[PDB]
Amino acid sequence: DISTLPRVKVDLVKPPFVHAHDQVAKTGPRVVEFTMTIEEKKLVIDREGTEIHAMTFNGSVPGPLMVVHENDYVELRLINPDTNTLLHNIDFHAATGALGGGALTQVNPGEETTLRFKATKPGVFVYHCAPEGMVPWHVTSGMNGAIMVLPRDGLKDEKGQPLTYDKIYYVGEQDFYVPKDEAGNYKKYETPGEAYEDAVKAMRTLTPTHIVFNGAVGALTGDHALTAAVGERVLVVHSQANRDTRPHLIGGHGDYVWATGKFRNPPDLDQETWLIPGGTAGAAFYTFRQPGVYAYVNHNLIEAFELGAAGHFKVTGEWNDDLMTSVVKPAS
């Protein structure tokens, strides 16, 4: 009887940060209430000033990470304000039935809807917009995010012992297909609708013009680098709603990795690089052992360093010479 379950309202936070949650469930099953507002907005995606009309959940690319526990109910109020121009909806890969909720959530501008589903399978999962006839255009304009359904007793290693993370970050990786003129210059449009047929042609090349973390080239660098300390246990959730990626922590490893993101399976150990298929979210757990700058990349290095799929961690603490040392510094 759902009316007798506790309700809890969660306020979401901007990626790469994740809303507060407990890893081990401190209550019984709950109805967990989330609100998201769709925002169509112009986004500058690179250092050259290339602009796209992005379609976002809650104003960010990716949309925010939602966190619940296995056998909670998720109740999402989805709002499409009348300042938007397009029909949108939401498909959760976590959900069962009605095209992951897509059949039930079609909202024109000026409409809202509330969907509830039971989170029956533990794992990280993609969610994304999927309106009939314009699915890849919405998704590759940024309209995707992820949801994490934790086991009620938290994460476990390959031996079934508890794994507890100290910090969690969410990296959404986005392939964009910005249309080009004859000479190869990016085109601009006043409205999302203007771009449509040109967007279709650009997508059909299967060759993204940009592949970015958190919505822009260089988004997770400088003042916005991810931080940790030596000895901290970090979980990085990574999603790609449309195209394969292969994450790699330069200078580290994935100590425990669920590459296809589903926590009933044992993790893969000691990964250098792992493949997350398009349409999937994965999760990697690592304990930092050395201080300094790390780069976190898609290890197609052209995709990383030319197209934008690279971010930084800055890690504080003590250097361990036993793990690595320069014996003779570069010299003639």
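Under this definition, the rigid core comprises the largest set of C-alpha atoms superposing within 1.5 Å between the forms. In this text, residue numbers run from 1 along the sequence as written.
Superposing on the core and measuring CA offsets in 7 other deposited structures of this protein, the stretch of 96 to 104 and 163 to 171 with the greater mean deviation is 96 to 104. Taking 68 to 76 and 185 to 193 in turn, the stretch whose Cα atoms are more displaced from the shown form in 7 other deposited structures of this protein following rigid core superposition is 185 to 193.
Two stretches are in play, 80 to 88 and 178 to 186, and the higher mean C-alpha B-factor belongs to 178 to 186. Stretches 197 to 205 and 244 to 252 differ in mean CA B factor, with 197 to 205 having the higher one.
The residue among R264, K42, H299, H69 whose C-alpha carries the highest B-factor in the deposited model is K42. Note on the listed residues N214, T221, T260, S141: the highest Cα temperature factor in the record is that of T221. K167 sits in the middle third of its chain by CA B factor, as recorded in the PDB entry. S239 sits in the lowest third of its chain by CA B factor, as recorded in the PDB entry.
Per-chain ranking of the deposited C-alpha B factor places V149 in the lowest third.
Per the deposited record, the Cα B-factor of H93 falls in the lowest third when ranked against the other modelled residues of its chain. For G123, the recorded CA temperature factor ranks within the lowest third of the chain's modelled residues.
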